[PDB]
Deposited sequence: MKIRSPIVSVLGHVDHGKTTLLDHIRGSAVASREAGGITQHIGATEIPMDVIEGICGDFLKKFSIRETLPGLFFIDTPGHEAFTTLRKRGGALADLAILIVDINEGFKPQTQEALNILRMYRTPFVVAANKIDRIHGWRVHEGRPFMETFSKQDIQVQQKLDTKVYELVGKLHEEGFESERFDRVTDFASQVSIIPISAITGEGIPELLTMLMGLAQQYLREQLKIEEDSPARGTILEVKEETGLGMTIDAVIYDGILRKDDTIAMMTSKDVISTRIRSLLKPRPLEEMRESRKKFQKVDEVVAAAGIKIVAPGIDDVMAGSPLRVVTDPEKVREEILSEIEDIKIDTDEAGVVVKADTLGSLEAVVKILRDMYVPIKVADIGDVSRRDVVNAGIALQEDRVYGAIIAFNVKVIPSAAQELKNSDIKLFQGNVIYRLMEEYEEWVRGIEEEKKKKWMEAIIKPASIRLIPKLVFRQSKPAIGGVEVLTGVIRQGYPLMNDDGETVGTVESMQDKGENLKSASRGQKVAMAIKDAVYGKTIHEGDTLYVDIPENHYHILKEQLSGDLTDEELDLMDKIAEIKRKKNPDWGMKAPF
């Protein structure tokens, strides 16, 4: 058993391009590894406070700015730590909220590198010096301008739910994000950037770094791409175990689990490719093997021991990111395995059930399924398609509304759009169910306006409070039943609903003037006990509320 190097993804590049020079100024495919001794050489005595430095090989940086979403293992992120790069002059942006969203979602410890400090008006570069050193040599007004921009970032982070501060002012390192102002182009601030990473390693990394350097290699494919001279190849990161040139490895394709016997393991040329016999966890490597081509970026990579065990172990990992059930509802489609897992994770996070989740453009069958799910709660009758096009065959068999389609290349916007969409469809529901509820309404029988005594009694009437509807039951001042609103007419208009001080000619079935009903009388809607109870959730105008209590008192004298 060994303790490997933490894997660090960079979100938001000359960062590693000048960091690579850091060490070279004394190789992995898709990654750069900075040995611990080099880190200590760059970080003065600032590191001497972190005891994990004596046990780590160094830091393994993934050369993949963001997919991070593609850098994933069973359960989530393959990265142990992460740097979120923000431009300190431009401040926040969209891709920054998308990254933050993803970082908290996967719960990965991270630091923010407030890049481009060299671009602040009046700043004087001090090549490769720690931030504190260079900052203290700047003019008082230049120092103030950097703190102003930093605090604007602290502000945005706060709106987003993260408390944070410039690294040297952080209180409680576990909950505040540490912001390290830097300049990638210059080496300014890089020392503290690395010290805060060693800082996060000290705070959160233990058993996650333990590997069994002899066990069959556990990795993840980040790129399936052609290469001159060696057709299709695979670039992978190994996080546990050992991979050998003669190994057999299984991986997921878009349809099935396959395996291939490796022909070559290639890495960059030391200090185009260089062949190697093996690689140990904490490695980025290019693989040359036969039946790849349809291999999925983001798929697990496993050297094969037992074909049955490896096969189902891979199948189950993917089973969680697919879902093709019948129940629930909501269809999700992303352009990649990682994205898909991110979206499904966020949705699954919002307890929103899913019926479909897969890769590829929206298809007729996705629309059909959005329908089968629409048949129960139109809130599910939606298609959420992340960075994926809509096949013509489905853009037509989708014409019939009822199934909303959210498109976009940014995940939080789509989610925001979903939630609010659900909001309207959520209000445009109570309402629908409200109509079926008999609201409070009061009515006054205008004197000297009797057009008919019995049969429908018919008289001029004024709406006192609320809204009386055709069919509403009417009762006495003493709770006695009087009749039912048969029909209404305002001047020449036939109505079923009348409010305010409307005044109309009203036909009242079952009522009889100078008997059951009397001119001048005030009649009240005979709301049903149950309907009344539904005052909760369903709750009016300051009048309908006072009236509801009155109807209550009125009936109360009998219950």
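Exercise for review: Compare what was deposited with what's modelled and send me the C-alpha-less stretches, numbered from 1.
Suggested key: Gaps vs deposited seq, in order: 13 to 18, 33 to 39, 80 to 81, 287 to 294, 563 to 565, 586 to 594.
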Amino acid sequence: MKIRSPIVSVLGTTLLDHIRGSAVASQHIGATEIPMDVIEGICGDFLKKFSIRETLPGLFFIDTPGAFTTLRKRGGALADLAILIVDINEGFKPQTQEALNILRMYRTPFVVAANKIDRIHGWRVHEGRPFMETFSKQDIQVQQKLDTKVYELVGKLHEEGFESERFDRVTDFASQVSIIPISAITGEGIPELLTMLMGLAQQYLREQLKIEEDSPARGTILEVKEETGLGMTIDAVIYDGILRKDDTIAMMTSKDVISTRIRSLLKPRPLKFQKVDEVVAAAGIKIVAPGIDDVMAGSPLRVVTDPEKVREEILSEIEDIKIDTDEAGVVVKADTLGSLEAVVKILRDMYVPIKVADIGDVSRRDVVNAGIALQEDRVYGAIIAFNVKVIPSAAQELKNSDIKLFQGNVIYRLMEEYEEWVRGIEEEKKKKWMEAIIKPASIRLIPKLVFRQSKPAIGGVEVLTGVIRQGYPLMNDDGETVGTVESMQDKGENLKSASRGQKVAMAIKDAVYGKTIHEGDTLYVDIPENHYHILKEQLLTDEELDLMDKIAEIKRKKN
From here on, numbers count along this sequence of modelled residues.
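**Study point:** Comparing 351 to 359 with 260 to 268, the one whose average Cα B-factor in the PDB entry is higher
**Key:** Looking at the record's C-alpha B-factors, the answer is 351 to 359.
Exercise for review: Select between 96 to 104 and 174 to 182 the stretch whose C-alpha atoms have the higher average B-factor in the entry.
Suggested key: Taking the mean B-factor of the alpha carbons in each, 96 to 104 is higher.
Exercise for review: For the C-alpha B-factor as written in the entry, point me to the maximum among 223, 212, 306, 478.
Suggested key: Result of the comparison over 223, 212, 306, 478: 478.
Check your understanding: Of the choices 84, 200, 394, 289, which one's C-alpha carries the largest B-factor in the record?
Key -> Among 84, 200, 394, 289, the PDB entry lists the largest C-alpha B-factor for 394.
**Study point:** Chain-wide C-alpha B factor ranking for residue 505, given as lowest, middle or highest third
**Key:** For residue 505, the deposited C-alpha B-factor lands in the middle third.
Point to revise | residue 1 CA temperature factor, ranked by third within the chain | key: Its C-alpha B-factor belongs to the middle third of this chain's values.
Check your understanding: Split the chain's modelled residues into thirds by Cα B-factor; is residue 407 in the lowest, middle or highest one?
Key -> It falls in the top third of the chain.
Check your understanding: Against its chain's modelled residues, does residue 121's Cα B factor rank lowest, middle or highest third?
Key -> Its C-alpha B-factor, which the entry lists for residue 121, ranks in the middle third among residues of this chain.
Point to revise | residue 115 CA temperature factor, ranked by third within the chain | key: Lowest third - that is where residue 115 ends up once the chain's C-alpha B-factors are sorted.
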